[PDB]
Amino acid sequence: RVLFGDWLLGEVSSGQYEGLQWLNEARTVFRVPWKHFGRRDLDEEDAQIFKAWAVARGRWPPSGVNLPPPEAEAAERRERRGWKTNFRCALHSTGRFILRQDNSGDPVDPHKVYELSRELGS
Ligand code: NA
């Protein structure tokens with residue numbers, strides 16, 4: 001058990017997720033991909049970070065499911081909107097993260113930029 005915010009910072013610093021990166025050396029500001037789907041389904045690429053959180057919460061096996069390729073995709077596909085919803089709510093509930101800029105409008109690279117709260121005491 002770790003909090004989402006600490007979990008997420010570990011993923012950011014990993015540099016393993018495209019679009020999920022630190023924006024300064026000081027590591028006080030980072031960006032998080034933030035696509036607007038609406039009606040549209042999430043493909044696998046759209047859901048990489050959301051899926052990581054679900055696996056973290058034991059809501060999805062780390063290896064995925066042992067189904068055939070088409071049925072494997074569709075099984076995940078049908079989970080991805082809830083995963084996206086669960087992640088974003090968790091991020092909102094992480095008061096440590098202060099939204100600084102909202103670039104989710106840009107379709108070639110929609111993301112949101114957060115800063116670490118300058119009043120973390122204990
Ligand atoms: Na937040």
# chains A, B, ... in the order shown; residues from 1 in each chain; ligands from 1
>>> residues_around(residues="region 6-22 of chain A", least_positions_apart="5", cutoff="6 Å", atoms="only C-alpha atoms", output="PyMOL selection string")
chain A and resi 27+30-33
>>> write_last_selection(atoms="N, CA and C atoms", output="short mmCIF file (atom, residue, chain, number, x, y, z; two decimals), in the first residue's frame")
data_model
loop_
_atom_site.label_atom_id
_atom_site.label_comp_id
_atom_site.auth_asym_id
_atom_site.auth_seq_id
_atom_site.Cartn_x
_atom_site.Cartn_y
_atom_site.Cartn_z
N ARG A 27 12.69 18.40 -10.40
CA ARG A 27 11.56 17.51 -10.26
C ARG A 27 10.48 18.09 -9.37
N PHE A 30 5.80 18.25 -13.51
CA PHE A 30 5.66 17.15 -14.46
C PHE A 30 4.39 17.23 -15.31
N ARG A 31 4.40 16.55 -16.45
CA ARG A 31 3.24 16.52 -17.34
C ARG A 31 2.62 15.11 -17.37
N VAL A 32 1.32 15.06 -17.58
CA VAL A 32 0.61 13.80 -17.60
C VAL A 32 -0.26 13.82 -18.84
N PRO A 33 -0.14 12.79 -19.70
CA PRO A 33 -1.01 12.77 -20.88
C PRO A 33 -2.46 12.91 -20.44
#
>>> residues_near_ligand(ligand="ligand 1", cutoff="6 Å", atoms="only C-alpha atoms and all ligand atoms", output="PyMOL selection string")
chain A and resi 91-95+97-98
>>> residues_around(residues="residue 50 (chain A)", least_positions_apart="2", cutoff="9 Å", atoms="only C-alpha atoms", output="list in words")
residues 46, 47, 48, 52, 53, 54, 55, 80, 81, 82, 83, 84, 85, 86, 87 and 88 of chain A
>>> write_last_selection(atoms="C-alpha atoms", output="JSON list (two decimals), in the first residue's frame")
[["chain", "number", "residue", "atom", "x", "y", "z"],
["A", 46, "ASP", "CA", -4.38, 5.34, -24.91],
["A", 47, "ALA", "CA", -4.64, 3.25, -21.72],
["A", 48, "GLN", "CA", -1.02, 2.40, -20.78],
["A", 52, "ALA", "CA", -0.59, 0.37, -14.82],
["A", 53, "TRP", "CA", -2.67, 1.81, -11.97],
["A", 54, "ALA", "CA", -5.24, -1.02, -12.22],
["A", 55, "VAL", "CA", -2.48, -3.62, -12.11],
["A", 80, "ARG", "CA", -10.22, 0.96, -20.20],
["A", 81, "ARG", "CA", -12.86, 3.62, -19.68],
["A", 82, "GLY", "CA", -13.26, 2.66, -16.02],
["A", 83, "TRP", "CA", -9.47, 2.54, -15.66],
["A", 84, "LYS", "CA", -9.19, 6.05, -17.09],
["A", 85, "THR", "CA", -11.93, 7.24, -14.77],
["A", 86, "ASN", "CA", -10.35, 5.62, -11.74],
["A", 87, "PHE", "CA", -6.89, 7.08, -12.47],
["A", 88, "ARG", "CA", -8.07, 10.65, -13.12]]
>>> atom_distance(atom1="CA of residue 122 (chain A)", atom2="CA of residue 34 (chain A)")
29.5 Å
>>> select_by_dssp(residues="chain A", states="strand (DSSP E or B)", output="tab-separated table (two decimals) with N, CA, C and O atoms, in the first residue's frame")
chain	number	residue	atom	x	y	z
A	21	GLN	N	6.31	12.64	-17.96
A	21	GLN	CA	7.71	12.99	-17.69
A	21	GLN	C	7.86	14.22	-16.80
A	21	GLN	O	6.97	15.06	-16.73
A	22	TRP	N	9.00	14.31	-16.12
A	22	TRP	CA	9.39	15.52	-15.39
A	22	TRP	C	9.77	16.63	-16.37
A	22	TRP	O	10.31	16.37	-17.43
A	29	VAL	N	7.96	19.89	-11.22
A	29	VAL	CA	6.92	20.02	-12.24
A	29	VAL	C	6.96	18.86	-13.25
A	29	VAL	O	8.01	18.51	-13.77
A	30	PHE	N	5.80	18.25	-13.51
A	30	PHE	CA	5.66	17.15	-14.46
A	30	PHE	C	4.39	17.23	-15.31
A	30	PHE	O	3.43	17.89	-14.95
A	31	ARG	N	4.40	16.55	-16.45
A	31	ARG	CA	3.24	16.52	-17.34
A	31	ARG	C	2.62	15.11	-17.37
A	31	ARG	O	3.29	14.11	-17.19
A	32	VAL	N	1.32	15.06	-17.58
A	32	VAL	CA	0.61	13.80	-17.60
A	32	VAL	C	-0.26	13.82	-18.84
A	32	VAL	O	-1.01	14.76	-19.04
A	33	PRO	N	-0.14	12.79	-19.70
A	33	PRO	CA	-1.01	12.77	-20.88
A	33	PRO	C	-2.46	12.91	-20.44
A	33	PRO	O	-2.82	12.49	-19.34
A	97	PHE	N	-0.79	17.53	-5.89
A	97	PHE	CA	-0.54	17.94	-7.27
A	97	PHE	C	-1.34	19.19	-7.63
A	97	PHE	O	-2.56	19.15	-7.70
A	98	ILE	N	-0.66	20.30	-7.88
A	98	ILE	CA	-1.31	21.56	-8.26
A	98	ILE	C	-1.32	21.76	-9.76
A	98	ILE	O	-0.28	21.91	-10.37
A	99	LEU	N	-2.50	21.77	-10.38
A	99	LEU	CA	-2.54	21.95	-11.82
A	99	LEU	C	-1.98	23.32	-12.16
A	99	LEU	O	-2.34	24.32	-11.53
A	100	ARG	N	-1.09	23.37	-13.15
A	100	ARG	CA	-0.46	24.62	-13.57
A	100	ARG	C	-0.86	25.04	-14.99
A	100	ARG	O	-1.06	26.22	-15.26
A	101	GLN	N	-0.98	24.07	-15.89
A	101	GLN	CA	-1.37	24.35	-17.26
A	101	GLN	C	-2.15	23.18	-17.82
A	101	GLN	O	-1.83	22.02	-17.57
A	102	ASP	N	-3.18	23.49	-18.60
A	102	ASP	CA	-4.04	22.47	-19.19
A	102	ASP	C	-3.93	22.47	-20.72
A	102	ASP	O	-4.51	23.31	-21.41
A	103	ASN	N	-3.18	21.50	-21.24
A	103	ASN	CA	-2.97	21.38	-22.67
A	103	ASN	C	-3.64	20.16	-23.21
A	103	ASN	O	-3.14	19.54	-24.15
A	111	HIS	N	-1.96	16.97	-22.78
A	111	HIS	CA	-1.44	16.60	-21.49
A	111	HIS	C	-1.84	17.66	-20.52
A	111	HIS	O	-2.34	18.70	-20.92
A	112	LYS	N	-1.64	17.40	-19.24
A	112	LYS	CA	-1.80	18.41	-18.21
A	112	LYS	C	-0.51	18.50	-17.41
A	112	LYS	O	0.13	17.50	-17.16
A	113	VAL	N	-0.17	19.72	-17.00
A	113	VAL	CA	1.07	20.00	-16.28
A	113	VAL	C	0.84	20.28	-14.79
A	113	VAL	O	0.08	21.19	-14.44
A	114	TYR	N	1.49	19.52	-13.91
A	114	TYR	CA	1.31	19.68	-12.47
A	114	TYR	C	2.58	20.12	-11.75
A	114	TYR	O	3.68	19.77	-12.14
A	115	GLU	N	2.41	20.89	-10.67
A	115	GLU	CA	3.52	21.22	-9.79
A	115	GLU	C	3.30	20.66	-8.41
A	115	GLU	O	2.17	20.60	-7.94
A	116	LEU	N	4.38	20.24	-7.77
A	116	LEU	CA	4.34	19.75	-6.40
A	116	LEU	C	4.00	20.91	-5.45
A	116	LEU	O	4.60	21.97	-5.54
>>> select_by_dssp(residues="chain A", states="alpha helix (DSSP H)", output="VMD selection string")
chain A and resid 4 to 14 48 to 56 69 to 77 80 to 92
>>> atom_distance(atom1="CA of residue 107 (chain A)", atom2="CA of residue 35 (chain A)")
7.6 Å
>>> closest_residue(among="A:60, A:76, A:69, A:25", to="residue 45 (chain A)", atoms="only C-alpha atoms")
A:76
>>> atom_distance(atom1="CA of residue 28 (chain A)", atom2="CA of residue 118 (chain A)")
9.1 Å
>>> closest_residue(among="A:51, A:61, A:66, A:106", to="residue 79 (chain A)", atoms="only C-alpha atoms")
A:51
